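In: Requesting a structural model of the entry that follows:
(one chain, ligands or ions: 1)
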Amino acid sequence: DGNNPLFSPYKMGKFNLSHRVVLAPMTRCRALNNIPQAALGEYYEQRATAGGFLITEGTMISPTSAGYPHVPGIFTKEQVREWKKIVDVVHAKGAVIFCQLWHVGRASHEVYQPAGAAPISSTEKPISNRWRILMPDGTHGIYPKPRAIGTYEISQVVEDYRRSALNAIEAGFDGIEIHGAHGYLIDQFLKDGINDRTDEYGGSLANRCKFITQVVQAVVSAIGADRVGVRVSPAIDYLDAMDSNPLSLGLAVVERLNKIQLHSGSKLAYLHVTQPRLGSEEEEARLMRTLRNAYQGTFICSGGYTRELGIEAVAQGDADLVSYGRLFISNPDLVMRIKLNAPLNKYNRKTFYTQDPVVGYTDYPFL
Ligand SMILES: Cc1cc2nc3c(=O)[nH]c(=O)nc-3n(C[C@H](O)[C@H](O)[C@H](O)COP(=O)(O)O)c2cc1C
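Out: Numbering: from 1, shown residues only. Below you will find the coordinate block:
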């Protein structure tokens, strides 16, 4: 229970992990011109541990998938070559690392689109003015009205994910994670609060689940189920991505993942779910527990977790692995600190998205 169950080995498919502290995917914006830089190597290397699992920042799968400044891409030979150098360093420390494939959908701006073209999505409806997009100059902009793509273009996006999954393997990545959460492209098809389509990709839970099912299946056939992880957030309403029945949508997603595993005769690397964060917390815990019970495979929880909460989650059987975002930013050796239960450093939100390759990136001290 308290003898820290976070440090007991765990089998994640063909990957033998030595502990359960996981680095959650986090956009840091240091990949100048969407090209991984040596700094990304320093940062990850700094946080990697023998047998530890790392999940990279969201990564572009095409020239139209970005919505943040200087986020890494993995759709060009140049990008793969730079990633490979980063993965080698990470692998040298004995860690496992998956590349998160990320497409922002409508959460973008003309400034992030080639030829200033408009962002794509499942709908033509934009994000409310309740949300402002971070601009390259450091200010905030207004999310534009997106272009509702047809069925044909949808299949092309599916191919972009598939090809990026291959490039990831080519770069040496142990696997990839499908970013299907936080209101981005895939979540824009999942959430009935956004998906207003009348074709076979909209309406019922089934149709709304079609896109992510085709994406996961596509990458599964490309690099093998055991090297694919999926992240979703049924109960996160970030960027107007809400659903009338969060838990139902999540179960529907879980059912599809269970079938894909069955049909592929192999299990996914894991299901990764983000929690919202008292009756609210007791309600969220149930939701999280239910999704976990429903999914036949490794479950990774995320969202405001602490050393105490992580220890509890694994002990109570609510999860097999616990990812940490913010605390991992200011604590390179977070794994080590959670082990010794040492004080943690504070994080500086101000330097979460700046471009400096050191300040607020790799200059947070070790114990
Ligand atoms: C600066 C920053 C960047 C993030 N970038 C991503 C991302 O690219 N993809 C993603 O799925 N989640 C992203 N997240 C969400 C985190 O992965 C994670 O779910 C969150 O940090 C969990 O809560 P915690 O900070 O209490 O650990 C980001 C969070 C922060 C603070």
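
In: Next, work out how far apart whichever residue of the chain sits closest to the ligand and residue 97 are.
Out: Ranked by CB to the nearest ligand atom, the top residue of the chain for proximity to the ligand is residue 325, at 1.8 Å. Quick note: C-beta positions are derived from backbone N, CA and C, even for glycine. The gap separating residue 325 from residue 97 is 16 Å, by CB to CB, to the nearest Å.

In: Residue 319 too?
Out: 20 Å.

In: What parts of the stretch 201-350 of the chain come near the ligand?
Out: 231, 274, 302-305, 324-326 (CB under 6 Å from any ligand atom).

In: now the helices: where do they sit in the stretch 1-150 of the chain?
Out: Along the stretch 1-150 of the chain, the segments classed as helices by DSSP state H, counting those that start in this stretch run 38-47, 77-92.

In: Contacts for the shortest one next, please.
Out: Helix 38-47 is contacted from outside by 23, 28, 30-31, 54, 56-57, 72, 85-86, 89-90, 92-93, 97, 328, 332-335, 357-358, 361-362, using CB atoms under 8 Å, 6 or more residues apart in numbering.

In: Show me how to select, in PyMOL, the buried members of the residues you listed.
Out: Buried residues among the contacts of helix 38-47 (16 or more other CB atoms under 10 Å), as a PyMOL selection:
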select buried, resi 23+28+30+31+54+56+57+72+85+86+89+90+93+97+328+332+333+334+335+357+361+362
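
In: Looking at the contacts of helix 38-47, which are in strands?
Out: 23, 54, 56-57, 97 (DSSP state E).

In: And the residues you listed, which two are furthest apart?
Out: Spanning the widest gap among those are 57 and 97, at 11.6 Å by CB to CB.

In: about what we covered before: please report phi then psi for the closest residue in space to the residue of the chain closest to the ligand that isn't next to it in sequence.
Out: Distances taken as CB to CB, 6 or more residues apart in numbering place residue 24 nearest to residue 325, at 4.0 Å, with adjacent residues excluded. When quoted as degrees, to the nearest 10, the phi and psi of residue 24 stand at phi -80, psi 150.

In: I am assuming residue 24 contacts residue 322, so please confirm or correct that.
Out: No: here residue 24 lies out of contact with residue 322, judged by CB atoms under 8 Å, at a distance of 9.2 Å.

In: ranking the helices of the stretch 1-150 of the chain by burial, who's on top?
Out: For the helices of the stretch 1-150 of the chain, the largest average neighbour count (mean count of other CB atoms under 10 Å) is found in helix 38-47, namely a mean of 20.

In: need the contact list for residue 84.
Out: By CB under 8 Å, 6+ apart, the neighbours of residue 84 are 170-172.

In: what about it, distance to residue 92?
Out: With the distance defined as CB to CB, residue 84 ends up 13 Å from residue 92.

In: hmm, back to that, can you tell me which of the contacts of residue 84 are in helices?
Out: Among the contacts of residue 84, the members found in helices (DSSP state H) are residue 170.

In: Of the contacts of residue 84, just the buried ones, ChimeraX syntax please.
Out: Of the contacts of residue 84, the buried ones can be selected in ChimeraX as follows, counting by 16+ other CB under 10 Å:
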select :171,172
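
In: Tabulate the contacts of residue 84 in a markdown table, adding columns for distance to residue 78.
Out: Converted to a markdown table, the contacts of residue 84 look like this (distance: CB to CB, whole Å):
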| residue | distance to residue 78 |
| --- | --- |
| 170 | 13 |
| 171 | 11 |
| 172 | 15 |
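
In: ok, back up a step: hang on, the residue of the chain closest to the ligand packs against residue 302?
Out: Yes: Residue 325 lies in contact with residue 302 (CB under 8 Å); the separation is 7.0 Å.

In: how many neighbours does residue 197 have?
Out: Residue crowding around residue 197 was assessed by other CB atoms under 10 Å; the count is 18.

In: Alongside the ligand, which residues does the stretch 1-150 of the chain contribute?
Out: By the rule CB under 6 Å from any ligand atom, the part of the stretch 1-150 of the chain lying against the ligand is 24-27, 57-58, 100, 102.
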